[PDB]
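To start, the structure itself, in structure tokens.
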Amino acid sequence: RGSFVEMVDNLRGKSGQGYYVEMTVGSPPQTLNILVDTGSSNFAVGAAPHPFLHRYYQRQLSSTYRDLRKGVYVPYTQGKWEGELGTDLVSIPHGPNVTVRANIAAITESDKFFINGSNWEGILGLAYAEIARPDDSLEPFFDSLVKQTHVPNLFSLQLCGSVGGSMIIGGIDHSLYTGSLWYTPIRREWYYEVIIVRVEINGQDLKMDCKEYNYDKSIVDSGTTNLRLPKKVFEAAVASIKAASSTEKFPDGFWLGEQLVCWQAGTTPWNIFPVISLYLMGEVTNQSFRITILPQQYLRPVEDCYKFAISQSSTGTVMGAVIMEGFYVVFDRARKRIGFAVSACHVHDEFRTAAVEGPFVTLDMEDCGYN
Ligand SMILES: COc1ccc([C@]2(C)CCSC(N)=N2)cc1
Ligand code: NA
Ligand code: NA
């Protein structure tokens, strides 16, 4: 409890391409880099010599492999994969000293899923069984871990925006945040669903029915890069951010993420950009808190040039890496809640820092939840 030095700095990544942890599967162990994803629930790994992959899971080499004689087909908005299901022994070298039998989807065919140039070979869905493929009876990795060990039912993520960070399995490390942790209830155990109750751009409420903030859901997701907002909320938010920094101008498509923009090294005009504040439902009736992020978070370096790291959605609000890189995030599954605290590693300046502040009084927070 409280200190987990061995798991500190166990995540690596490429900006925009996610964060991965090193894992081992099978006996003797085969080492793989695995994408950490709080927005899905399958543990799936490449199992065939696709040209983009550095390595892949060779089942024939594992004496502890067991076939489930079951296929699974998984499409996305863009990507897709299919695989064969099985179980085998799994470890996290820079994690708790335990081994568990878990479900593994051996990816045998894929399309627009593996990234050419990326250093990961699979994906660890850390979300709940409800959203597992093909159905909720396929036990997700973290469930199996908790059932078979004395590892407490929680994990936390410190993503430092080339990129690095920490996944602390089964605990919290207090050296990874400053100030206090504030908690938001997980509304339902499927995705890590939460309720946003208010959005401010540089102090200014957007005066939207808060039900719009959560249409049709809001989630904390480490596998998505951007802050994603519902169309209606997105429109208002760009309108408000456009207005706050119309001191200078950029092409109209930049806000849609259809192009980039540049400045000279040493001094970028950070300060003409507004903070964004999300107010989250708190632990207590009529009590909320807020997290505030800097431009440093929603202006993502590309290569001194930056892309606009907020974009629209038809799936609800998605607090991707943009949000999460400002914060130490605790997925406290045991008490059905997500904790936020200001990250010890987050990218700030001499002027403003990311913030987690409360309590605030918000009435009718239940009305913001979409049914
Ligand atoms: C970078 O490759 C990825 C990342 C994430 C995902 C999924 C499984 C679906 C898209 S969004 C998400 N969090 N998880 C699928 C592929
Ligand atoms: Na247990
Ligand atoms: Na601390």
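All chain A residue numbers match Swiss-Prot; in order, they span 57-217, 230-371, 379-446.
Determination method: X-ray crystallography, 2.4 Å.
Cβ atoms here come from the backbone N, Cα and C positions, even for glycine.
Annotated features, as they stand in Swiss-Prot:
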ACT_SITE  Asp93  active site
ACT_SITE  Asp289  active site
DISULFID  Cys216-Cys420  disulfide bond
DISULFID  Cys278-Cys443  disulfide bond
DISULFID  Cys330-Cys380  disulfide bond
CARBOHYD  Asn153  N-linked glycosylation site
CARBOHYD  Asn172  N-linked glycosylation site
CARBOHYD  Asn354  N-linked glycosylation site
MOD_RES   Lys126  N6-acetyllysine
MOD_RES   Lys275  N6-acetyllysine
MOD_RES   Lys279  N6-acetyllysine
MOD_RES   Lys285  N6-acetyllysine
MOD_RES   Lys299  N6-acetyllysine
MOD_RES   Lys300  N6-acetyllysine
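Location within the structure of each feature annotated in Swiss-Prot.
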| residue | record | DSSP (3 states) |
| --- | --- | --- |
| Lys126 | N6-acetyllysine | strand |
| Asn172 | N-linked glycosylation site | coil |
| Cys216 | disulfide bond | strand |
| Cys278 | disulfide bond | coil |
| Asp289 | active site | coil |
| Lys300 | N6-acetyllysine | helix |
| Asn354 | N-linked glycosylation site | coil |
| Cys380 | disulfide bond | strand |
| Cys420 | disulfide bond | coil |
| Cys443 | disulfide bond | helix |
- [ ] Kindly point out which of the recorded positions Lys299, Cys420, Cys443 have a C-beta less than 6 Å from some atom of ligand 1.
- [x] none
Task: Pairwise CA distance, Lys275 (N6-acetyllysine) versus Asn153 (N-linked glycosylation site), rounded so that it is a whole Å - done: 50
- [ ] Specify the count of other C-beta atoms within 10 Å of the C-beta of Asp93 (active site).
- [x] 22
- [ ] Run through the Cβ atoms and count how many others sit within 10 Å of the one on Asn354 (N-linked glycosylation site).
- [x] 13
- [ ] Using all protein chains shown, find which of the modified residues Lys126, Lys275, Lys285, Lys299, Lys300 scores highest when you count other CB atoms within 10 A of its CB.
- [x] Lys285
Task: Rounded inter-Cα distance in Å - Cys216 (disulfide bond), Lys279 (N6-acetyllysine) - done: 31
- [ ] Compute the C-alpha separation of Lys300 (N6-acetyllysine) from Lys126 (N6-acetyllysine), stating it in Å without decimals.
- [x] 41
Task: Which of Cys278, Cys420, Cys443, all disulfide-bonded residues, has a Cβ with the fewest other Cβ atoms inside 10 Å - done: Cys420
Task: Cβ neighbour count (within 10 Å, all chains shown) around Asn153 (N-linked glycosylation site) - done: 10
Open item on the list: Using CB atoms and a 10 A radius, I'd like the single residue among the disulfide-bonded residues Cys216, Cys330, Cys380 with the highest neighbour count.
Closed with: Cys216
Task: DSSP three-state assignment for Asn153 (N-linked glycosylation site) - done: coil
